[PDB]
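**Student:** This one's a deposited entry, sequence included:
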Amino acid sequence: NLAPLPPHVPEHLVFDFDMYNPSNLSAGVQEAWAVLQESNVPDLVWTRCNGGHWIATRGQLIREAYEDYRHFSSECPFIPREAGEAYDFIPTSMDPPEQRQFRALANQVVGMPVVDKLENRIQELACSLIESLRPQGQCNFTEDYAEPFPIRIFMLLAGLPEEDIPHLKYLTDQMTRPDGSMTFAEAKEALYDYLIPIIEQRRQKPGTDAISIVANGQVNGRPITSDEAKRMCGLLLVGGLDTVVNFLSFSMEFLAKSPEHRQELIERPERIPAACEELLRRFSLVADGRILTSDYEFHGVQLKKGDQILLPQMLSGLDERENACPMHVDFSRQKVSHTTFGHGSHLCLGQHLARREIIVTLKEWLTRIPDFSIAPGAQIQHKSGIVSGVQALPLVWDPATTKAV
Ligand code: HEM
Ligand SMILES: O=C1[C@H]2C[C@@H]3C[C@@H](C[C@H]1C3)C2
């Protein structure tokens with residue numbers, strides 16, 4: 001289901017890439033996308049899939065377009081257009097200067113200072129989860145770790161019931177990796193139905209949790225509106241529930257297949273941080289976009305007002321012009337170049353938290369379970385979308401090679 005090519009589009013710029021179901025999926029999701037960067041592919045393509053939209057294929061263009069909010073508006077950041085349109089999250093669906101007051105409040109909630117306060121819990125949960133798995137000699141890493149670890153931390157931060165996870169997680173997933181089961185607007189509303197009463201409650205009676213702080217915040221000197229708070233909290237949820245979770249499964253699938261990479265990290269822990277960045281570059285997973293505010297000519301291509309463009313953050317650090325031998329994982333790259341957390345005014349406030357969680361996982365897993373692999377005859381499936389993911393991750397190990405801490 002291809003949409004008819006609009007008049008302004010040169011047919012030589014056509015490359016029908018399905019962000020929800022790319023052709024090379026079996027190879028790995030990063031590998032499916034990376035098709036976009038082959039020699040046969042122009043820098044700026046038009047896809048007839050998912051209603052028709054441009055895609056920038058190179059790090060140089062992606063960065064440029066991210067910097068340029070004047071032309072590339074966040075007002076409609078998701079594809080398909082109906083999704084982009086229903087999209088009302090704060091501060092993500094706003095351009096500067098309006099975005100700033102909101103970002104500033106989001107940052108109070110998820111920023112460094114919060115990470116620093118949550119450290120011991122992050123550590124405590126990881127060690128608790130891993131120690132619990134260790135003696136088993138096998139898990140479902142996605143379900144057994146990647147999901148609980150980050151989500152239980154977020155639930156704790158937000159002051160929400162762990163019981164709500166399954167419902168919440170389903171809804172967040174419909175938004176990034178739609179099933180057809182629900183439209184975006186519907187998923188969005190259900191999430192909002194959830195949030196509304198909570199916000200009310202926290203406006204009347206303030207906690208110290210993330211939601212209580214957002215609900216009672218000041219922005220441009222006056223108090224945040226209930227609708228505003230609902231719109232920030234909605235984003236905080238998708239961020240917390242759908243990001244780190246997918247990231248850890250890609251990284252663990254790689255560690256499982258690469259003993260040499262595991263060893264390195266065991267012997268020379270001083271490299272953990274560097275390895276983390278390199279994993280963030282290699283297993284990049286987010287792709288959203290922007291909307292043209294007007295007619296514009298970008299790198300010789302005519303963009304029309306209202307066109308959407310996908311600016312795949314995942315792609316920048318996969319770009320040969322940015323990284324020599326991109327698909328190769330090398331812990332000692334002189335320069336790890338990526339835009340994994342985005343670029344421009346919308347750079348991820350949740351990045352400090354995301355790194356702390358990744359570094360603790362790596363440190364803590366490798367300590368106790370140094371030797372593991374993917375289960376004999378399990379087939380690892382990737383899933384593509386706004387945020388890509390791994391279906392299931394069956395791991396096996398010999399209990400006897402583990403170390404109790
Ligand atoms: C590996 C993990 C993550 C990745 C790769 C990631 C990626 C991104 C990207 C690419 C953007 C900007 C998108 C755009 O410009 O439209 C973004 C923004 C944001 N992310 Fe992260 N995210 C991650 C984890 C988190 C976490 C754990 C949270 C906190 C709950 C979070 C909260 C946010 C927020 C609040 C923004 C909006 C900032 C603004 O609009 O000014 N993210 N993220
Ligand atoms: O609306 C969202 C923004 C862009 C990406 C990452 C995070 C959660 C979802 C998908 C921030």
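**Tutor:** That came through fine. Numbering: from 1, shown residues only. Ligands and ions are numbered 1, 2, ... in the order given.
**Student:** so residue 329 touches residue 277, yeah?
**Tutor:** No: assessed by CB atoms under 8 Å, residue 329 is found out of contact with residue 277, at 11.3 Å. Every C-beta, even on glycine, is put in place using the N, C-alpha and C of the backbone.
**Student:** now residue 348: how far from ligand 2?
**Tutor:** 7 Å (CB to the nearest ligand atom, to the nearest Å).
**Student:** no, scratch that, I was asking about residue 267
**Tutor:** From residue 267 to ligand 2 the distance is 34 Å (CB to the nearest ligand atom).
**Student:** List phi and psi for that residue.
**Tutor:** Main-chain dihedrals, residue 267, degrees, to the nearest 10: phi -80, psi -30.
**Student:** What of residue 393?
**Tutor:** Main-chain dihedrals, residue 393, degrees, to the nearest 10: phi -140, psi 80.
**Student:** How about it: what's its closest non-neighbour residue?
**Tutor:** The shortest distance from residue 393 to any non-neighbouring residue, by CB to CB, 6 or more residues apart in numbering, is to residue 141 (3.9 Å).
**Student:** quick one, what contacts the one you found?
**Tutor:** 248, 249, 252, 393, 394, 395 (CB atoms under 8 Å, 6 or more residues apart in numbering).
**Student:** Now do the contacts for the residue nearest in space to the middle of the chain.
**Tutor:** With distances taken as CA atoms, centre = their mean, residue 243 lies nearest the centre of the chain, 4.0 Å away. If you count contacts by CB under 8 Å, 6+ apart, residue 243 has them with 150, 286, 350, 354, 387.
**Student:** what about burial for the contacts of residue 141, which qualify?
**Tutor:** Neighbour-count burial (16 or more other CB atoms under 10 Å) applied to those gives 248, 249, 252, 393, 394, 395.
**Student:** Just flag the most distant two among those residues.
**Tutor:** Within the buried ones among the contacts of residue 141, 248 and 394 form the most distant pair, 15.0 Å apart (CB to CB).
**Student:** Between the two ends of stretch 100-118, how far is it?
**Tutor:** 25 Å (CA to CA, to the nearest Å).
**Student:** let me redo that: stretch 251-264
**Tutor:** 15 Å.
**Student:** That stretch and ligand 1 in contact?
**Tutor:** No: Stretch 251-264 is not in contact with ligand 1 by CB under 6 Å from any ligand atom; minimum separation 9.8 Å.
**Student:** In CSV, list the contacts of residue 141 along with distance to residue 359 and secondary structure.
**Tutor:** As requested, those are exported to CSV (distance: CB to CB, whole Å; DSSP: H, G, I helix; E, B strand; the rest coil):
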residue, distance to residue 359, secondary structure
248, 11, helix
249, 16, helix
252, 14, helix
393, 20, coil
394, 25, strand
395, 20, strand
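**Student:** which one among those residues gets closest to residue 166?
**Tutor:** Residue 166 has its nearest neighbour among these in residue 249, at 18.0 Å by CB to CB.
**Student:** so who does the closest one touch?
**Tutor:** Taking CB under 8 Å, 6+ apart, one finds 141, 142, 146, 389, 390, 393 in contact with residue 249.
**Student:** Now compare those and name the two farthest from each other.
**Tutor:** 141 and 389 (12.3 Å).
**Student:** all helices in the stretch 151-300 of the chain, in order from the N-terminus.
**Tutor:** Under the criterion DSSP state H, counting those that start in this stretch, helices of the stretch 151-300 of the chain are mapped to 165-176, 184-204, 210-215, 226-242, 244-257, 259-267, 272-282.
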